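The structure under discussion appears below in the form of structure tokens.
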Amino acid sequence: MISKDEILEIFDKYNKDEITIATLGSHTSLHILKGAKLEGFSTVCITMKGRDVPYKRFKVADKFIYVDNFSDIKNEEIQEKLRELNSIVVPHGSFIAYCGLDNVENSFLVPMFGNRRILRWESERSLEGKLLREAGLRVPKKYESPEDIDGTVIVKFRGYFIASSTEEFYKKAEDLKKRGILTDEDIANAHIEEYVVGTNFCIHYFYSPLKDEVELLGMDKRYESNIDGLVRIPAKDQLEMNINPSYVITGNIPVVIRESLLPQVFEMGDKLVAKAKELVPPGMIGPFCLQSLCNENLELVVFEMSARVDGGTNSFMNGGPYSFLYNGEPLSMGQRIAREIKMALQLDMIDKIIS
Amino acid sequence: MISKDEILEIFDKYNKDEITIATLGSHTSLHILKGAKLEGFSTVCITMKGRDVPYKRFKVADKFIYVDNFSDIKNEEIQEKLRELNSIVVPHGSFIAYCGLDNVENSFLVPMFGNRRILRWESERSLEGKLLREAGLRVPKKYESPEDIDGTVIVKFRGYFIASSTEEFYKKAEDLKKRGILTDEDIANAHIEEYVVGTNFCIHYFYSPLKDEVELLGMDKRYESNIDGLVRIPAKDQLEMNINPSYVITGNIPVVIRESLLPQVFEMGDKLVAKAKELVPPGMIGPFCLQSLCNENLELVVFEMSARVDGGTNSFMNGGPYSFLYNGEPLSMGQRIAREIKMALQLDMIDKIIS
Amino acid sequence: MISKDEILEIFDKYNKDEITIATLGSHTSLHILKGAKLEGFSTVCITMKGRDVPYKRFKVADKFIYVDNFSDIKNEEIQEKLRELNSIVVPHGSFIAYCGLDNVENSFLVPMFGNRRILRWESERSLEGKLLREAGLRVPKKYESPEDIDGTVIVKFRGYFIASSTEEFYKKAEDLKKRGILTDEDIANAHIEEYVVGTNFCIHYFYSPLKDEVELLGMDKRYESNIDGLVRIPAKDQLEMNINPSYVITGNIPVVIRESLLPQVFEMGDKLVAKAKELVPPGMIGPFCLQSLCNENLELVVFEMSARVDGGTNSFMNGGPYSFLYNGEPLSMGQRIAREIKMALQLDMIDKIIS
Amino acid sequence: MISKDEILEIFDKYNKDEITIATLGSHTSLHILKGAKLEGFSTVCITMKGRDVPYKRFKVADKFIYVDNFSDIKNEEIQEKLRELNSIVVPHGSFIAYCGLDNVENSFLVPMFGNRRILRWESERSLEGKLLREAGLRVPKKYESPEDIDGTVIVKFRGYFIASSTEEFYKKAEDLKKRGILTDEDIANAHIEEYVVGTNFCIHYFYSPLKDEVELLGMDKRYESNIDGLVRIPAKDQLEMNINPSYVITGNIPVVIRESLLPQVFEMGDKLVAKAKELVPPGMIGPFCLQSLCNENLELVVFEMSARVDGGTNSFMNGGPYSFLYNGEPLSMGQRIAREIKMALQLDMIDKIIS
Amino acid sequence: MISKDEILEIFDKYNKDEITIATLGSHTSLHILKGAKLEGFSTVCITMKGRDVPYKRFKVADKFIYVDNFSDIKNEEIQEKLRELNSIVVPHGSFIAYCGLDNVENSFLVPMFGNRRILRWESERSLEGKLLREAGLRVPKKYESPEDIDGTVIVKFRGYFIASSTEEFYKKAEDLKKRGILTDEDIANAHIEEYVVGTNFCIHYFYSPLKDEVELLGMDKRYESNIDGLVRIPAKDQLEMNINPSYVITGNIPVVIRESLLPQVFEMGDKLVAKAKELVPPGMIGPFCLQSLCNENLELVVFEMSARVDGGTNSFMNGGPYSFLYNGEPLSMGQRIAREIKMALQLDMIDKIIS
Ligand SMILES: Nc1ncnc2c1ncn2[C@@H]1O[C@H](COP(=O)(O)OP(=O)(O)O)[C@@H](O)[C@H]1O
Ligand SMILES: Nc1ncnc2c1ncn2[C@@H]1O[C@H](COP(=O)(O)OP(=O)(O)O)[C@@H](O)[C@H]1O
Ligand SMILES: Nc1ncnc2c1ncn2[C@@H]1O[C@H](COP(=O)(O)OP(=O)(O)O)[C@@H](O)[C@H]1O
Ligand SMILES: Nc1ncnc2c1ncn2[C@@H]1O[C@H](COP(=O)(O)OP(=O)(O)O)[C@@H](O)[C@H]1O
Ligand SMILES: Nc1ncnc2c1ncn2[C@@H]1O[C@H](COP(=O)(O)OP(=O)(O)O)[C@@H](O)[C@H]1O
Ligand SMILES: NC(=O)c1ncn([C@@H]2O[C@H](COP(=O)(O)O)[C@@H](O)[C@H]2O)c1NC=O
Ligand SMILES: NC(=O)c1ncn([C@@H]2O[C@H](COP(=O)(O)O)[C@@H](O)[C@H]2O)c1NC=O
Ligand SMILES: NC(=O)c1ncn([C@@H]2O[C@H](COP(=O)(O)O)[C@@H](O)[C@H]2O)c1NC=O
Ligand SMILES: NC(=O)c1ncn([C@@H]2O[C@H](COP(=O)(O)O)[C@@H](O)[C@H]2O)c1NC=O
Ligand SMILES: NC(=O)c1ncn([C@@H]2O[C@H](COP(=O)(O)O)[C@@H](O)[C@H]2O)c1NC=O
Ligand SMILES: [Cl-]
Ligand SMILES: [Cl-]
Ligand SMILES: [Cl-]
Ligand SMILES: [Cl-]
Ligand SMILES: [Cl-]
């Protein structure tokens, strides 16, 4: 429901000499907050007892807003403190979850960097797939039912698994059932897709509304448990084990793509951005991620996407190979975001970047 | 054919107050170009429609020379524009390929950073092997024919494969034949070598003719498709698949060697450089790479080498652990190259570094 | 035996205007030395013929103390040169080994950064396990004998191996016996523990006595041979091989943890530090490492620890994502150590950091 | 005559990927050019034999356009080279003079940073005085004729002189006549004004059209010959001399104002800018200078002004006390100008800053 | 009256995770505030309508506390806002004046950087002279009455004047009387001292309680009106004028002393600091200034001193020749102060630096 005009009129009651930057103490905040500081902003970190330390030892947050549980960040109490601090909020991962995405779309009355509406088109696999499909991006083939399985597939609902046949599907579905990890409910709605075999590049872009431009900021590959520990076990020993792959994100590892694939990489960000404009105006605002896999035909296949800032950006908080190129600075995505805010304020174009 | 005296006399007609740096928009250019800019140079990027974007959004090239296809970079038209811009060319990967290595050795009349002649000793496995062998470097054992196969071997001609027996060789050779990936022609000339099992360090060195010194700039490990995606599949599931490993370079990942192996690492660069002096004078000039594997006996075995700048340097465009040590700067290899140029110009020693 | 008062009285005869920083040319020294230089210190590198080059080409050491073999660093001759240079020694890895840990605890009369006593609690698996256990840290389950083996286990004594049964244990123990890699002596004392399956984070902390605070400096994952080369071989091909995993450290790869796990990460450093205070006063001083594995339940399990600086810090000599956050500098662990020294000298608190 | 639309249509035929920055090798160019380089621009310096060295040894210009005499910079030949290089021209001091201000206002068909029209309102004392007067700025009292002289006055036409009476006026007018320094022509048009006695602050501002804001960049005091050498002679000795003060600008000396006078300083820039908008639209664009004198009542009296960049900015090419405050950078005025250009290009607002 | 224990107990109720730095928008604040920001602090500027602009355009203050008149900064309302923001106050010049020094010594209940008590020993010429005299510093000779005048003297009470005889004294005293500038009241209390003829060095020191050390930060020479404008008038013309010298501080100019005089310069800071310890414990804390004159015998004579930060530090907000030497940074005095605060907080030694 949340209107833009409704948000622009909250921002107007804002002391424009004292715009702070706020976000939740988790996910990507360290460099969101550090990046604000580096751009001259004072930073507000929503945190809680037990989860505050890293924001305290990294000296990255000027003001803390402590909650009892991160769940409370939907409360009017917290929204008020945030408005009283003239904070623009930088959403992420974790913020959407603890706040709840409905609360974010119509209950969270705090100005927010980026296109609010577009946060749903990422929460929903149908919307996400629509966008990537309509944008004209390579996605893994979808499979309506386990009977369609005609190659290796991955099956999504931690409870992930791999299958090369309909038979293998239920064999495994059953396994994860008789072990409590999967309920017949999840198994019914199971999303089955082509298992793309290749190299992982989670590619972090920044669309600048001010500059009307898609920028490449960086790239990481996921570091997942247990899978990445599983495959570090020799095949002989893996076969002697009764173990299921899990794919819990635990970290990220820096990587750079082959330079001749940047034209492809940029086109992918352009296309996505150009279609998101039509489907969810104003479209992709600020940071977004294409989580892709490079098959052996040097084709990047997008198996997931983020419409906010993605966790992999943590791999370059001190800047990386790509973010450096612009101005030879240790530029993080957090800071890149802070700059857009800064510059928008300075050109009186805050309406191009908040919602 | 291209003479040095012939090149020095092209460079003389050059406005020495306006030396630019040129290269082709691909492979390693981003930091070749950015590194020039950082050293005060104005940069020329040879590019083409559709492949130009990343050099435009990274603001890394002052002048573009657009071609219809990168193939045209052999044309006299392009050579002239380059000479008229007082450009020293920085070769790479991609440049050799689109230009063609014959054209580079006797048809490309533009001054070029590094030892021109030595670019062949990298194109040819016989020369390369000679050099590494004569330099005194550990290389994987070669195998004349599939009958000699007495361990695990890798077989080179994308169409790579692994074999642990003569039988397995043809079994697989056939596989890649009946699937169009390999023609009996490639299979006949198949290069078979010891499969070295260990950790990948692509080690980037810089020989400075001015300083007469081998420098360590950085290290990456290859990120290859589909192999690195293949091995991320659990053994159980891999066995249920009918899939062949491919080894297409798609990216690079930063790594540092165990410090006690740097003496070995430096000796390897010294030896290579000292033998390349005798075999292909003036020898290794500027950037070169030993693509090695560290076996469990902490011995680095070189399975490949580059005599120009290697793609892995992209892993440290914002500088890395090793390039930092010299002056605490975010030093890339591109910039290290620009500096040599700069300094050579300033000491009037351009003849120690171009050809 | 070495007393603190005994060490403080060596340091007093020191020219406090000329404190140098010394360490051994290996392990982590490059950034220990570079970090000293960056903090204004003059640096002393103990080296030897053939192992000196990298410290010479990296221009990181002001004075070399050449030995015939690194073994000699216990000699009174070397201790004297070091005292005459007013050097505080920064221990590491390699230093403990060549010097010998007994020699370090009671024969090495040179001031040393960090808690001397605590270097043993890392050399001994019983002490180490006590500390991690008492600190309240997750460790892999221990197994008294091969008969207790009831899951996958790893077995430690290069000569490492994996087992999923008592039968498999001896099958493999025998293998490594009949191949000379393992003697019945090692096999008897074999340490058997739960094979933790997950993502490797070697987490580098710095306890500051001055600031009384645990800082997070960085993280790497080990790059080991042959294992990490072994698992890069396709399962089908691995099965056709007769090859044993080895786990020789050859390098390190940068990684960042999922941000929501930093509270856990910091608590682990706090707990360790708080227990080391009681067990080995003054406790953990300066750099220490928890070498952990993140299981799929996002629990970090510590399978090893260093009480001095760990080799992985080499992954961020030009600084990393975490070290950056403090002051936006390319901060290495070597430099972080130099700073503590510097600052201790300046506040006249050298007794909080040497021993 | 020169139209804006006329200029915007020259700029359109410009390759927007290759905008260079050009100016004349003199006056303030060193930091105009260096500041461009630092912002990523390639720089064009118009120079001539004998006057080129400092731009060559400072490595500040990528391309030189040599003229026979700086006078030629009006020629169509030079305008074409400049248009072909996609150069935006940055006017100064010296450029106006050698080019001639008429040629600049209607004959110089090269895009130019800042408000073209406003360059006249600085060439003419009547316009200048109007502006400062209408802006509401303190100026020294004007004196119609030598008979009005009722205090100390300075008299302007090198040929300057000071008078405290009508009698003294002609006494001195005669002196400079019978010595050839002044012709009866100059003496007739002599401008006579109140001699303001106080401290010199030449205050360099930057109006940003993008940010719609007046910024304080720096301050210098003039270093003039012979006056500043004259007054360094003891009074006793000066009286024994027959010497006339001259006021030839030879250099500049850095100074900072008393902080409590910055509100006054900023108001002066605001007022000037706000009136220049009405009188000469778009008004003051970019760099301008109020050359003032602080009387003992802490009132700043403007005795001169520049509507382009003023020579004093040379006092802070490595940045100064005020330019630092914004981002802690060594920010020069040249660079501040380059940034505006850069940013205007990036927001597609080149029409707010060229003419 | 204000107690330390009384202040330490205000600071305890402070959120130690959110210490801000506050001061008054004037005098030296720009670099006090900027220096805080650079050290990670969030900054509070007390300002008022009309005087706020420079702190707004320099983006140097995160939070403004607007007053109706700077006088109000004594109000409990303002003290509360400041305590609620966890602000340590950095006194200066302007702050003492608007707040009133009595209010500062016993009515201003906000923690304050430096030794509170010592602010009086600077307000009073008797205390100041005692300190400089007892410290063992060269001061100009004092003159009890105009009859003692036996050389050139300067006479202090804007209303300053110079005299070389008793006769000249009253001649001039009368002049400034019959012109309203001096009342018989001021003339009675007139302070008469030796006119020291030499070069002005206002020398800015920083005593660090943490480091127990006097540091040299920088040096400026005063730029005063009308005197410095007066002496720029030729002697002949000055004699034709009826003008009185005034000495209103309007600005500052950077200068460096002859290096061989630094031993003297440092001794002067040591002595002052060592005597201030005895006379006003804890003594000189943080920034202080010796405003001296170098006579021709290379002896520095202190004619004034500041016990807080002096306005001349504005001459090096981007750092200067001396502040650079420590760490090669553009270190201002504001930042040097912020660092002491930072570091004191980090070593839990806030009691060594506040009062
Ligand atoms: N189509 C696919 N082919 C191969 N691996 C995949 C595919 N989709 C996902 N994965 C692996 O499983 C992990 C979880 O996938 P997914 O849940 O889609 O990403 P996320 O949970 O981060 O949105 C991915 O990081 C990737 O490594
Ligand atoms: N002797 C070998 N042992 C194991 N792996 C190898 C060997 N040679 C090559 N490889 C793997 O195959 C990839 C392709 O090898 P190669 O074609 O020699 O390198 P490039 O194509 O980059 O010159 C390498 O990056 C390496 O990972
Ligand atoms: N409990 C475990 N589970 C899985 N892998 C392990 C375990 N312990 C060690 N390893 C692997 O074997 C390597 C050697 O382990 P260890 O010898 O304990 O470390 P280090 O030799 O560096 O002290 C580790 O780097 C890790 O990759
Ligand atoms: N009204 C004045 N009172 C005192 N000095 C002045 C006055 N006007 C000019 N001067 C001095 O003479 C010099 C030349 O003045 P002017 O010619 O107006 O400046 P410019 O030539 O730089 O435009 C100035 O730099 C200043 O030092
Ligand atoms: N003893 C002296 N000899 C010569 N000049 C002096 C002397 N004392 C002060 N002055 C000049 O007069 C100015 C005002 O002096 P004073 O009022 O003592 O300093 P402040 O007002 O800054 O405390 C000084 O900046 C200096 O230039
Ligand atoms: N790559 C990362 O480091 C990363 N960390 C967290 N996420 C995502 O962030 C969301 C919330 O993060 P968390 O559980 O740490 O609060 C999760 O749905 C997870 O998919 C990540 N992935 C993408 O944002
Ligand atoms: N490591 C890398 O990122 C990398 N990228 C490209 N190359 C080599 O560069 C040559 C040309 O590169 P490309 O196909 O991107 O134009 C290829 O033969 C490839 O082996 C690479 N390897 C070595 O130069
Ligand atoms: N991770 C690393 O790069 C690393 N390099 C060396 N070490 C340890 O350092 C010790 C001595 O090192 P070296 O063998 O290079 O002299 C060894 O016991 C080894 O376990 C390492 N691991 C931990 O310190
Ligand atoms: N302050 C300076 O260094 C300075 N240098 C040159 N100017 C002005 O510049 C004009 C041209 O300079 P020049 O003679 O160096 O080419 C002159 O009218 C002179 O008044 C200066 N003053 C203002 O622009
Ligand atoms: N040197 C300077 O720039 C300077 N500016 C101001 N002061 C002193 O500061 C006090 C208050 O300053 P103000 O009048 O700008 O608010 C005055 O007594 C003046 O002597 C200065 N001198 C010493 O602090
Ligand atoms: Cl992102
Ligand atoms: Cl290379
Ligand atoms: Cl460590
Ligand atoms: Cl200006
Ligand atoms: Cl001071």
Side-chain angles (χ1 to χ4, degrees), chain B residues 151-152 162-165 168 195-201 213-216 219 221 227-228 230-231 233-239 243-245 253-263 265-267 270 293-298 316 318-331, chain C residues 25-31 33-34 37-38 50-60 93-94 220 223-254 311-312 314-320 330 332 335:
Chain B
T152 303
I162 297 173
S164 284
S165 66
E168 180 156 36
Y195 189 97
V196 172
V197 178
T199 37
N200 182 209
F201 295 93
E213 176 200 32
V214 179
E215 302 155 12
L216 178 53
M219 299 187 180
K221 69 167 195 168
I227 185 60
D228 284 309
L230 170 47
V231 303
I233 303 172
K236 285 175 193 298
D237 297 293
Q238 276 184 57
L239 301 188
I243 190 170
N244 302 124
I253 291 170
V255 74
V256 287
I257 209 165
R258 184 176 176 172
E259 192 179 300
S260 56
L261 303 180
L262 293 170
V265 171
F266 274 105
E267 190 68 45
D270 292 343
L293 282 156
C294 187
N295 71 30
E296 51 165 62
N297 292 312
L298 299 164
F316 64 116
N318 57 324
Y322 296 108
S323 71
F324 185 80
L325 258 21
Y326 297 103
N327 297 304
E329 299 305 310
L331 176 73
Chain C
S26 165
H27 186 261
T28 36
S29 68
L30 290 177
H31 67 87
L33 295 179
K34 181 62 176 203
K37 299 282 296 189
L38 288 165
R51 291 194 72 173
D52 59 348
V53 170
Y55 310 96
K56 294 198 309 188
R57 317 253 190 119
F58 281 125
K59 299 299 171 197
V60 107
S94 254
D220 73 290
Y223 198 38
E224 281 156 353
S225 198
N226 70 1
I227 185 60
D228 284 309
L230 170 47
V231 303
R232 207 202 179 228
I233 303 172
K236 285 175 193 298
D237 297 293
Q238 276 184 57
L239 301 188
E240 279 162 311
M241 304 169 72
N242 291 321
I243 190 170
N244 302 124
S246 33
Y247 294 82
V248 185
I249 192 63
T250 57
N252 312 258
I253 291 170
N314 297 331
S315 81
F316 64 116
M317 306 202 278
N318 57 324
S332 74
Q335 179 172 12

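Letters go in sequence order (proteins before strands), and every chain restarts at 1. All values below were derived from every heavy atom in this structure, side-chain atoms included, with hydrogens, water molecules and symmetry-related copies excluded.
Of the two parts of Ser29(C), the backbone and the side chain both hold a non-hydrogen atom closer than 4.5 Å to a non-hydrogen atom of chain B. Only the side chain of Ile253(B) has a heavy atom closer than 4.5 Å to any heavy atom of chain C. Contact annotation for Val196(B): neither backbone nor side-chain heavy atoms come within less than 4.5 Å of a heavy atom of chain C. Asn327(B) touches chain C through its backbone: at least one of N, CA, C or O sits under 4.5 Å from a heavy atom, while the side chain does not. Only the side chain of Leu261(B) comes within contact range of chain C, with at least one heavy atom under 4.5 Å from a heavy atom of that chain. Contact of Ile162(B) with chain C is made through backbone and side chain together, with heavy-atom distances under 4.5 Å. Within the 4.5 angstrom heavy-atom criterion, no atom of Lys236(B) approaches chain C. For chain C, the nearby parts of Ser260(B) are the backbone and the side chain; heavy atoms of each come within less than 4.5 Å. Only the side chain of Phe266(B) has a heavy atom closer than 4.5 Å to any heavy atom of chain C.
The main-chain N or O of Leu216(B) is never found under 3.5 Å from a side-chain atom of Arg57(C) such that the two would form a donor-acceptor pair. Judged by distance alone, the side chain of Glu259(B) and the main-chain N or O of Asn314(C) form no donor-acceptor pair under 3.5 Å. Checked by atom type and distance alone, the side chain of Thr250(C) never pairs as donor or acceptor with a backbone atom of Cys294(B) at under 3.5 Å. Under a 3.5 Å cut-off, the side chain of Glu240(C) and the backbone N or O of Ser164(B) do not form any donor-acceptor pair.
Using a 3.5 Å distance cut-off with no hydrogens or angles, the side chains of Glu296(B) and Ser246(C) do pair a donor with an acceptor.
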Exercise for review: For side chain to side chain contact (heavy atoms under 4.5 Å, CB included), just list the numbers for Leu298(B) and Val248(C), CA-CA rounded to whole Å, side-chain angles, deciding distance to a tenth of an Å, and then say yes or no.
Suggested key: CA-CA 8 Å; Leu298(B) 299 164; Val248(C) 185; 3.6 Å; yes
Could you walk me through whether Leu30(C) and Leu262(B) pass the side chain to side chain contact (heavy atoms under 4.5 Å, CB included) check?
CA-CA 11 Å; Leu30(C) 290 177; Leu262(B) 293 170; 3.4 Å; yes
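Annotation: side chain of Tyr195(B) is in contact with side chain of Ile233(C) (closest heavy-atom distance under 4.5 Å). Looking at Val53(C) and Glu267(B), their side chains never come closer than 4.5 Å, going by heavy atoms from C-beta outward. At a threshold of 4.5 Å between non-hydrogen side-chain atoms, the residues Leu239(C) and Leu239(B) count as touching. Residues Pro263(B) and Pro54(C) have side chains in contact (heavy-atom distance under 4.5 Å, counting atoms from C-beta outward). For the pair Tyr223(C) and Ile257(B), the minimum side-chain heavy-atom distance is 4.5 Å or more.
By the side-chain hydrogen bond (donor to acceptor under 3.5 Å, both in side chains) test, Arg232(C) pairs with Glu224(B), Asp228(B), sequence neighbours left out. Looking at residues two or more places apart in sequence or on another chain, you find no side-chain hydrogen bond (donor to acceptor under 3.5 Å, both in side chains) involving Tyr322(B).
For the set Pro234(C), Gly312(C), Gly50(C), the count of heavy-atom pairs under 4.5 angstrom toward chain B peaks at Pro234(C).
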